[PDB]
């Protein structure tokens, strides 16, 4: 085995769990400026699961912790953009509380 701090398939398993648990699909794709024009004025450092998947497959995440950090940013961004108590915010809060366990479930070191 490679015995290393980047585990590509483990990171993809992590993203697959996040994807599947994202019932609103609110994390699935980058936000189009034409569809939701205010988003980019509120969220200046966007990230989404498709972009994270692209990065994992390309190798442009150094380590599994870097993937975890981008998922944390993804969640924080959704908590910023959406209003407390909204369905979106509820889902993002659920992710905040569980994403590290999802990483562990996937085989990553947290």
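Residue numbers count along the first chain shown, from 1.
**Student:** When the Cα temperature factors in the entry are averaged, is it 30-38 or 59-67 that ends up higher?
**Tutor:** Comparing 59-67 with 30-38, the higher average CA B-factor belongs to 30-38.
**Student:** Averaging only over Cα atoms, indicate whether 12-20 or 83-91 has the higher B-factor in the PDB entry.
**Tutor:** So the stretch with the higher mean C-alpha B-factor is 83-91.
**Student:** In terms of the CA temperature factor given in the entry, to which third of its chain does residue 103 belong: lowest, middle or highest?
**Tutor:** Lowest third of the chain for residue 103's C-alpha B-factor.
**Student:** Using the B-factor values recorded in the entry, state whether the Cα atom of residue 53 falls in the lowest, middle or highest third among the modelled residues of its chain.
**Tutor:** Bottom third by C-alpha B-factor.
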